[PDB]
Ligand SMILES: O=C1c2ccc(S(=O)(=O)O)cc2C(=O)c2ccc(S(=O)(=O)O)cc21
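To begin, one chain is listed below as C-alpha cells, in the form deposited without the named molecule.
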C-alpha cells in the first residue's frame, strides 16, 4: 500500500456535502488540514495551485519506477556501463529530503541544524565512529550548496535511489578502485561530484528531451491519481474568490494532464454538464520558472493555444478571458488578479520552490501538499506505542529509534529519525501555514473556517 493507493482510494469516494458528514470526515487524520499558523479562510481572496504533485499526483512506485528506468537508459546511452540495466527501482530505500554529499558520495538525513541523523554510502549504513572520520562534528554546513544537494521533491526519488545504486555498483565492481572522493578506472577518475552531475543531467534530459512525458500521457490511468471531487472543490473556491494555476510545465503537457484530471462525464458534481479544465481558473500561467518567479521572474509571454507555441514578444495587455500566460513573476498575478500577498492561498508540493519562496519573498499564505503523509499517518498511528515507548525513556534509545525508523523504509520517516526532527519537518513547520496529505482536504472545511494554532511562547514567558 503506497501513499498514492491511499490517495486514489480516497479519490474514488463521491463527496457527501452534508454539514455533519463533512465535520466527521475531517475527524480522521487522513482527511484533516494541519495548522502551523492561524489562517482565517474568509480573508483569502485567491486560491492558487501548482500542477505536478499537487493537482496531478503521480502514482507510486510506478511513476518513480518509470523515471528511474529512463534515467538509467539515458546514462547507459552516454556511456555508463551496461550493468546499470539490471538496477530496478526499490521504493523501500529512498526517503524524500535527503542530502547528497558530492565530496564523499554519501546520502545524509540531517536535522534543521545540519546534524547527521543517518549516513549511507551506497547501501552501507554508517554508524557513529565511522561517520566521525568524514564528519568530525557529525554536522554539515547546508549553505555549502556546491558540496551538498538537497533532494527535496518527489521527482528526486528516482535519483536518490540511483545515486545509492551507482555508489554501490562502482564500490563492489573490481574494475574500479574506490578512493575518498570517487573511483579510479585505469586513467579515468570519476568523482562522486561529476557522477552526481551526470545523474542530475540525465534526469533533466529525461524530463526535457526524453520520453517520460510521452510515456505518462499514453497511460494516464497507470501514472496519475484522478478524483471527481477536484472540480467540486475548485468551483466552490470560485464562488468566494479567484482561482489560478501556476506551473513550471509547458502548455502542451499541462493541457494533457489537466484535461485528464477533469475527464468525467460531468462537471462540478454528478448530473452537471462537463466543462473544460480552463474554465475553472481566472488565470492560467505556464513556464513559471519557480523559484525565480517569486523574485525578478522573466518576461511575461502569451501562449498561442491553437499551436502550443509562444507568441513573439512580451505581453503588455490586460487579463482577458481565455488567455494563457507564460513566464512572468508573482507580481503579475497580484496585479492581474488585484490581490495583496496575504489575500492569496498558494497550494504547492515543493517546500522550497513553492512554499518557502512565496512566503519569504511575497508574504503569501501557504498550503503544502505532502503525498507521503497519506501513508506516514497510517504508520504513526499503529506504531504509537513504539514512539511513546521512546518518549518515556528520554542504548535502548538507539534500538527503539532503529525499529521505529525501519517501519517507514531504510531511510526512515520523512519527518524524524526517532526523537529528532528532520530539516524537512522544521521547514514544513516554519514555512507552511497549512499542510495535508492532499489539497482536497480543504473540501471538508466550511467557506469561512478559522484554522487555529496555539500562540507561541518563549521559555521565559511560560
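Positions refer to the first chain, counted from 1.
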Does a third or more of the other compared entries skip modelling residue 291? no
When the other entries of this protein are compared, is residue 359 unmodelled in at least a third of them? yes
Between residue 394 and residue 395 - deposited residues without coordinates, as a size class: 10 or more
Got a sec? Mean C-alpha B-factor, which is higher, 337 to 345 or 382 to 390? 382 to 390
Segment of higher mean CA temperature factor, 248 to 256 or 173 to 181: 173 to 181
Report the option among 430, 416, 37, 399 whose CA atom has the maximum B-factor in the deposited record. 399
Identify, among 101, 111, 90, 130, the residue whose C-alpha carries the highest B-factor in the deposited PDB entry. 130
If you rank the chain by CA B-factor, which third does residue 448 end up in: lowest, middle or highest? highest
Sorting by Cα B-factor within the chain, modelled residues only, which third would residue 83 end up in: lowest, middle or highest? highest
When the modelled residues of the chain are sorted by Cα temperature factor, does residue 309 land in the lowest, middle or highest third? highest
Among modelled residues of the same chain, the CA temperature factor third for residue 328: lowest
Chain-wide C-alpha B factor ranking for residue 374, given as lowest, middle or highest third: highest
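There is another form of the same protein, the form solved in complex with the named molecule; it is not shown, and what comes next is about it.
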Among 309 to 317, 148 to 156, 334 to 342, 276 to 284, which stretch sits within 4.5 Å of the named molecule in the bound PDB entry, heavy atoms only? 148 to 156
The named molecule in the bound PDB entry has a heavy atom of only one listed residue within 4.5 Å, and of 122, 291, 267, 81 that residue is 291
Name the single residue among 423, 414, 46, 41 that comes within 4.5 Å of the named molecule in the bound PDB entry, judging by heavy atoms. 423
Can you check whether residue 139 is within 4.5 Å of the named molecule in the bound PDB entry, heavy atom basis? no
Flag residue 189 as yes or no: does it have a non-hydrogen atom within 4.5 angstroms of any non-hydrogen atom of the named molecule in the bound PDB entry? no
Residue 350: touches the named molecule in the bound PDB entry, heavy atom cutoff 4.5 angstroms: yes
May I ask you to state whether residue 65 is within 4.5 Å of the named molecule in the bound PDB entry, using heavy atom distances? no
